[PDB]
Amino acid sequence: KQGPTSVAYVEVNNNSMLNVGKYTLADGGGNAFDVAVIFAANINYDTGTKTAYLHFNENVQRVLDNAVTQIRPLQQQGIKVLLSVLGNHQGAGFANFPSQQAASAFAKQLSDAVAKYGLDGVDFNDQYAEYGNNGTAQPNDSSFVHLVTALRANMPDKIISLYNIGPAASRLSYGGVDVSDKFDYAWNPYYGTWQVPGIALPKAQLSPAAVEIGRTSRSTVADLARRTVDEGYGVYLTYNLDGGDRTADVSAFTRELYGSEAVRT
């Protein structure tokens with residue numbers, strides 16, 4: 001098929017990753033979803049060592065431990081799988097590292113995770129960090145740049161994206177480096193709306209539309225998908241695909257982006 005790249009966030013905790021691959025286009029043209037994102041790992045803080053670390057809840061860990069059965073089937077059919085990282089009420093956040101060296105240590109935990117679990121990239125979602133907690137600093141200018149710069153250096157052939165939200169999103173330049181061009185995609189964080197991300201990426205790699213499967217209206221889902229193509233954008237963010245028969249929500253958007261309706265297994 002041909003059109004904008006559609007993404008699906010899956011809440012590992014309650015929902016199967018495997019559900020993304022159950023949707024294909026009726027025109028015999030391909031997966032309805034191109035990117036699948038594991039929601040989500042976290043940025044935690046160790047107050048004794050004053051060091052943030054990449055935290056995985058047991059349920060997210062389990063998906064990763066069983067990557068062979070839970071993630072491999074999607075990559076087999078061509079769906080790229082990213083791991084998303086969210087703040088976790090612990091002060092430490094992406095725009096919070098006190099030194100290049102500290103951000104790069106977290107960058108390393110990120111690259112190594114993608115490497116070990118054979119993922120295709122990382123996604124940054126700067127929400128719920130609660131900067132200030134645990135004696136942490138408020139957002140600084142350099143922090144996010146350091147982290148992205150280093151992660152990008154770590155995995156040059158992998159995907160790095162972000163939700164256009166939180167402190168980090170407005171802190172993309174520090175020193176001679178603007179890290180916008182190191183991201184593959186950027187998306188609107190408000191499901192049910194159209195908000196063009198104000199970051200320096202081609203329209204082909206920006207998703208102004210963000211929808212929640214099962215919460216967003218099917219007319220809104222159709223409308224944001226029609227507007228994505230009409231405005232010349234190349235990404236369509238979808239969120240919270242579950243295990244129920246969602247063929248119509250999916251067709252609602254596939255017919256606008258791809259000119260085809262979708263069929264689920």
# chains A, B, ... in the order shown; residues from 1 in each chain; ligands from 1
>>> closest_atom_pairs(of="stretch 194-257 of chain A", to="stretch 22-31 of chain A", cutoff="8 Å", atoms="only C-alpha atoms", output="tab-separated table")
residue	atom	partner	partner_atom	distance
A:247	CA	A:23	CA	7.5
A:250	CA	A:23	CA	7.9
A:254	CA	A:25	CA	7.5
>>> write_last_selection(atoms="C-alpha atoms", output="CSV table (one decimal), in the first residue's frame")
chain,number,residue,atom,x,y,z
A,247,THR,CA,-11.7,-3.2,12.4
A,250,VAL,CA,-8.9,1.1,11.8
A,254,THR,CA,-6.9,3.3,6.6
>>> closest_residue(among="A:3, A:139, A:214, A:244", to="residue A:230", atoms="only C-alpha atoms")
A:3
>>> atom_distance(atom1="atom CA of residue A:96", atom2="atom CA of residue A:124")
13.7 Å
>>> closest_residue(among="A:34, A:46, A:261, A:245", to="residue A:134", atoms="only C-alpha atoms")
A:46
>>> closest_residue(among="A:129, A:110, A:209, A:199", to="residue A:166", atoms="only C-alpha atoms")
A:129
>>> closest_residue(among="A:210, A:257, A:92, A:201", to="residue A:9", atoms="only C-alpha atoms")
A:210
>>> select_by_dssp(residues="stretch 39-209 of chain A", states="alpha helix (DSSP H)", output="ChimeraX atom specification")
/A:58-65,67-70,72-76,100-116,143-154
>>> write_last_selection(atoms="C-alpha atoms", output="CSV table (one decimal), in the first residue's frame")
chain,number,residue,atom,x,y,z
A,58,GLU,CA,7.7,-6.5,35.7
A,59,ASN,CA,4.9,-6.7,33.1
A,60,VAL,CA,6.9,-4.6,30.5
A,61,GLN,CA,10.0,-6.7,31.4
A,62,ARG,CA,8.0,-9.9,30.6
A,63,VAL,CA,7.1,-8.6,27.1
A,64,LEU,CA,10.9,-8.0,26.6
A,65,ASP,CA,11.9,-11.3,28.2
A,67,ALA,CA,10.5,-10.9,22.8
A,68,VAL,CA,10.6,-14.0,20.6
A,69,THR,CA,6.8,-14.7,20.9
A,70,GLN,CA,5.6,-11.1,21.7
A,72,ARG,CA,9.3,-11.0,16.8
A,73,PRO,CA,6.0,-11.9,15.0
A,74,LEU,CA,5.4,-8.2,14.3
A,75,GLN,CA,9.0,-7.5,13.0
A,76,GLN,CA,8.6,-10.6,10.8
A,100,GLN,CA,26.7,15.2,29.6
A,101,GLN,CA,28.3,12.2,31.3
A,102,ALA,CA,25.1,11.5,33.2
A,103,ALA,CA,22.7,11.8,30.3
A,104,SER,CA,25.0,9.5,28.2
A,105,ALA,CA,24.9,6.8,30.9
A,106,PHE,CA,21.1,6.7,30.5
A,107,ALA,CA,21.6,6.9,26.7
A,108,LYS,CA,23.7,3.7,27.1
A,109,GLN,CA,21.0,1.9,29.1
A,110,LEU,CA,18.6,2.8,26.3
A,111,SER,CA,20.8,1.6,23.4
A,112,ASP,CA,21.7,-1.6,25.2
A,113,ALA,CA,18.0,-2.4,25.8
A,114,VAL,CA,17.2,-2.0,22.1
A,115,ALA,CA,20.2,-4.2,21.3
A,116,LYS,CA,19.5,-7.0,23.8
A,143,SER,CA,20.2,17.7,29.5
A,144,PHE,CA,18.0,16.6,26.6
A,145,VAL,CA,20.6,17.5,24.0
A,146,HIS,CA,23.2,15.4,25.7
A,147,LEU,CA,20.9,12.4,26.0
A,148,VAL,CA,19.6,12.5,22.4
A,149,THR,CA,23.1,13.3,21.0
A,150,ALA,CA,24.6,10.3,22.8
A,151,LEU,CA,21.7,7.8,22.1
A,152,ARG,CA,21.8,8.8,18.5
A,153,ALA,CA,25.6,8.2,18.5
A,154,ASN,CA,25.0,4.8,20.2
>>> closest_residue(among="A:212, A:175, A:252, A:8", to="residue A:79", atoms="only C-alpha atoms")
A:8
>>> closest_residue(among="A:89, A:218, A:80, A:171", to="residue A:119", atoms="only C-alpha atoms")
A:80
>>> select_by_dssp(residues="stretch 39-170 of chain A", states="strand (DSSP E)", output="MDAnalysis selection string")
chainID A and resid 39:46 51:55 80:87 121:125 159:163
>>> residues_around(residues="residue A:131", least_positions_apart="3", cutoff="12 Å", atoms="only C-alpha atoms", output="PyMOL selection string")
chain A and resi 43-45+52+87-97+126-128+134-140+166-168
